[PDB]
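So this first bit is one chain, no partners, the form deposited in one PDB entry, shown in structure tokens.
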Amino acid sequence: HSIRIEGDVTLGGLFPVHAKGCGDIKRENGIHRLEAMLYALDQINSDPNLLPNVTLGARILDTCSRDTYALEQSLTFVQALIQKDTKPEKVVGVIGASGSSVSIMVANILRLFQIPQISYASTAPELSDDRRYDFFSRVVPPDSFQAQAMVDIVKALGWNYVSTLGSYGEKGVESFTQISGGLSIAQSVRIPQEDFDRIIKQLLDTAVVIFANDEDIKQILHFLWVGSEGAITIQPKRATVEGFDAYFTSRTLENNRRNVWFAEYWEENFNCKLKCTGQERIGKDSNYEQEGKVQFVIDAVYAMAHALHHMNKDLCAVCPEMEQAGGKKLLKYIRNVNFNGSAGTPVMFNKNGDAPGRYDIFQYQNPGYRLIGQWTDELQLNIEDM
């Protein structure tokens, strides 16, 4: 069982509803993220301005946070290509996946069948290879832009000789060393899972560019520290979609029978079975806080809606003319999007199909972090407020 919402044109969806063991339900990353695609489709399908006589449908599938399970799920998006000899739908594009390895596997199949993809959460730098991942685009910037911004910070501050402190931790240090111009890296000490103040005491002695996420940063805290007193942090520009909060909060078992995994979500966050009541409120009988990449789910869906809106204006008086265009033509319309997102900020794709890096810069200057500048597209607007 999966979510199948009828429409004139269908958008494939890949969400990690359950974690890898399949397994148990993932509250924020699965349910909020998928419901955001449903909320986005509810918005678009209430909107007379975008896709007027075209209802956007959805085939939303769980990935179980495992790339192999997702690859067998992706086949659902290509059923219409299988010959019948033993209710058709055309999946024009796919919104997902969440978790870069899953997206890579999924890109490997979609590429062959010329079906565009837009990830809302996959951040891996491998995915930036527009030849290998021909049909992949994303609304999140690759983690490489974070490191590029860190080079710019260091260089503008004139650090020169800086020390750098899993799959993510290394990739940051790799991207940072690659940008030369230039500067030299001294001691590149590592910190894995499971020294005690020894690494902190050994601060090169000849700035520290920390690539440790996310509770690892708190463990470390005379010398300057730059991590992704007077420490500098690079952060993404994050936002809440209030419209979606009213939607998810109002979700009960009675009004949300379309989400096949909602009753399963109901048991989890409420610590009850099916003893439970079945008459509680999300923001009342639990601690609700909207998942950070929900903004990127909506943005991913809208990118595709706008791309499909432009195509319909150019090809229809879903007319048959539109029905025989194919993904390579849809990719053009996808890559040419430039519109204001759910957070307010514009949605665009670079040459490789990546979202440009938009980061705020803070320094530990009643103390706390003071906004010391920002990083946009390929520029560093640093201030002398340090």
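From 1 onward, residues are counted along the sequence shown. For clarity, a rigid core is taken as the largest C-alpha set superposing within 1.5 Å between two forms.
What comes next is about the form deposited in another entry, which does not appear here.
- After superposition on the rigid core, the C-alpha displacement between this form and the one not shown reaches 2 Å or more for just one residue among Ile104, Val154, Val140, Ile282, namely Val154.
- The Cα shift for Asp360 between this form and the one not shown, taken after rigid core superposition, is 2 angstroms or larger.
- With the core superposed, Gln374 shows a C-alpha displacement of at least 2 Å between this form and the one not shown.
- Remark: with the core as the superposition reference, the CA shift of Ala186 between this form and the one not shown reaches 2 Å or more.
- Distance between the C-alpha atoms of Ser119 and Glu378: longer in that other deposited form than here (change of 3 Å or more).
- Distance between the C-alpha atoms of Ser119 and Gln235: shorter in that other deposited form than here (change of 3 Å or more).
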